[PDB]
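Residue numbers (the deposited numbering): 1 to 316.
All C-beta atoms in this analysis are idealised placements derived from N, C-alpha and C, irrespective of residue type, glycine included.
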Amino acid sequence: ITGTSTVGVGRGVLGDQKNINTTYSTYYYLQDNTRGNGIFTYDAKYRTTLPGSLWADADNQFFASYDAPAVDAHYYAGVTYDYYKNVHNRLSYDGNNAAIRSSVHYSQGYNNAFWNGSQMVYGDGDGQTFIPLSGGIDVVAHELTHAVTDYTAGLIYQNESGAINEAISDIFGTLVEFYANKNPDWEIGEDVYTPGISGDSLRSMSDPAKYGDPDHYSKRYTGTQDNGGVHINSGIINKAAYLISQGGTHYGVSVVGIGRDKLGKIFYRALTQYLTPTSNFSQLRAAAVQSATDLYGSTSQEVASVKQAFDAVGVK
Ligand SMILES: CNC(=O)[C@H](CC(C)C)NP(=O)(O)CNC(=O)OCc1ccccc1
Ligand SMILES: [Ca+2]
Ligand SMILES: [Ca+2]
Ligand SMILES: [Ca+2]
Ligand SMILES: [Ca+2]
Ligand SMILES: [Zn+2]
């Protein structure tokens with residue numbers, strides 16, 4: 001909407017206070033004009049029609065329990081926008097400052113979040129498996145990264161290309177979490193997953209097997225569930241990414257870590273310059289080796305480490 005840019009204040013899902021960019025025109029709307037062509041957050045009102053209504057508030061204060069998922073969707077979209085712009089010189093998901101839209105309070109007891117081809121969508125969870133999913137910065141960045149992938153490599157959402165698609169979202173979700181620097185880790189969704197159980201998460205990049213996800217190509221799932229295991233086989237690539245950044249010895253193969261910033265540069269270049277809609281794991285290895293070669297040189301430690309990491313997870 002047309003209005004004047006303002007700054008509201010509220011509390012997120014975990015009870016933390018934060019400032020949010022809003023727009024005033026009769027009401028205060030969750031419309032952040034400070035980033036690209038805007039970040040817009042909508043209320044789906046427990047229904048499934050999208051996007052719903054642009055979030056409107058009478059007083060620019062967002063401290064109601066019902067407000068919390070909107071506060072976090074809006075704020076963490078901003079953080080993710082900043083990450084891509086400041087770190088990768090990418091302006092929004094399309095590279096041309098496309099408006100970023102999110103809807104919260106989607107459906108009832110909805111234990112998931114997704115990119116629907118045009119916008120991000122967040123369930124509130126059922127209070128047992130999840131609390132409102134926008135409370136996780138890694139989750140928000142995971143979802144916006146699906147949009148980045150769709151506008152770039154275009155990895156088809158099934159089988160190996162789909163597992164790469166998933167891993168790319170977990171990787172950048174995690175790198176954004178580190179960028180914001182609040183309780184960062186290599187786990188996925190820990191902030192909003194199972195409020196009754198401490199210390200767990202939906203997936204782990206450092207040890208995917210803790211939740212029965214594969215950490216070696218020999219253990220890949222080849223059935224039909226979950227689009228051919230896109231959220232399962234992502235473990236193989238997530239493990240490789242973790243090893244590239246942090247190092248380690250995995251099934252006897254030692255990897256020299258090169259750090260998160262270089263992981264991010266290598267995988268962003270692979271995603272945007274080399275991967276295609278049908279890339280498989282072997283092709284991702286080649287893309288990452290080439291990307292590291294472009295950035296650091298053929299004889300670099302960085303190139304050697306990428307190779308070590310893919311060797312370690314059994315991808316040739
Ligand atoms: C199991 N879910 C997840 O891993 C994450 C949420 C996680 C980070 C909390 N959500 P996601 O974005 O991977 C779920 N997406 C999904 O199932 O895609 C189906 C689809 C939905 C709409 C259009 C096309 C395809
Ligand atoms: Ca209010
Ligand atoms: Ca964390
Ligand atoms: Ca995390
Ligand atoms: Ca938990
Ligand atoms: Zn995903």
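A Cβ-Cβ contact shorter than 8 Å links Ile156 with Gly162.
The segment 67–149 contains, as complete alpha helix (DSSP H) runs of 4+ residues, the segments 68–88 (chain order). Relative to the non-hydrogen atoms of ligand 5, the Cβ of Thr194 comes within a distance shorter than 7 Å of at least one. Comparing alpha carbon positions, the residue from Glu143, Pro132, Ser107, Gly109 closest to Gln119 is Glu143. The distance from the Cβ of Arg35 to that of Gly78 is about 6 Å, consistent with a contact at the 8 Å cut-off. According to DSSP, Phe62 shares a beta bridge with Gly10. For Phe40, the pairing in a beta bridge is given by DSSP as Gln31, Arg101.
When DSSP reads this structure, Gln17 sits in a beta bridge with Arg11. Looking at the DSSP output, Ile188 sits in a beta bridge with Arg203. According to DSSP, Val255 shares a beta bridge with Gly248. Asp57 is bridged by DSSP to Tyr28. By the 16-neighbour rule on beta-carbons within 10 angstroms, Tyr66 is exposed. Boundaries of the alpha helix (DSSP H) harbouring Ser161: 159–180, taken from the DSSP string. Non-local C-beta neighbours of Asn37 in its own chain, meaning closer than 6 Å and more than five positions away in sequence, comprise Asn97, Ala99, ordered along the chain. By the neighbour-count criterion, in which a residue is buried when 16 or more other Cβ atoms sit within 10 angstroms of its Cβ, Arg47 is exposed. A distance below 7 Å between beta-carbons, with the five flanking residues on each side excluded, links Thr129 to the following residues of its chain, in chain order: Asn111, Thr194. Each residue's CA atom was taken as its position, placing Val192 and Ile131 some 5 Å apart.
With 6 Å as the limit, the residues whose C-beta approaches a heavy atom of ligand 3 more closely than that are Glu177, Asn183, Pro184, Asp185, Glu190, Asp191, in chain order. In this structure, the straight-line span from the alpha carbon of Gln246 to that of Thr41 is close to 35 Å.
Between the segment 19–29 and the segment 46–65, the count of Cβ pairs shorter than 8 Å is three or higher; the stretches touch. A Cβ closer than 6 Å to some heavy atom of ligand 6 marks a residue here, and those residues are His142, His146, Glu166, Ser169. In this chain, the alpha helix (DSSP H) harbouring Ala287 covers 281–296. Residue environment: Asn181 is assigned as exposed (fewer than 16 neighbouring CB atoms within 10 Å of its CB, all protein chains considered). Using a Cβ distance threshold of 8 Å, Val289 and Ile236 do not count as a contacting pair.
Checking the 7 Å criterion, the Cβ of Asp43 is out of range of every heavy atom belonging to ligand 2. Using a C-beta cut-off of 8 Å, the segment 219–238 makes no contact with the segment 253–273, since fewer than three inter-stretch Cβ pairs fall below that distance. Nearest C-alpha to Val87 among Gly199, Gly189, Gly3, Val176: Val176.
At a cut-off of 7 Å, the beta-carbon of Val104 does not count as near ligand 1: no heavy atom of the ligand is closer than that. Inclusion of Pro69 and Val13 in the CB contact set at 8 Å is warranted, their separation being smaller than that value. Counted as a single uninterrupted DSSP element, the alpha helix (DSSP H) harbouring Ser305 occupies residues 301–312. Straight-line spacing of the CA atoms in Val313 and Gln283 works out to 14 Å.
Short note on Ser198: C-beta closer than 7 Å to some heavy atom of ligand 5.
In the displayed model, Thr2 falls within coil according to three-state DSSP, outside both helix and strand.
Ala270 and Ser291 do touch by the CB rule: their CB atoms are close to 4 Å apart, below 8 Å.
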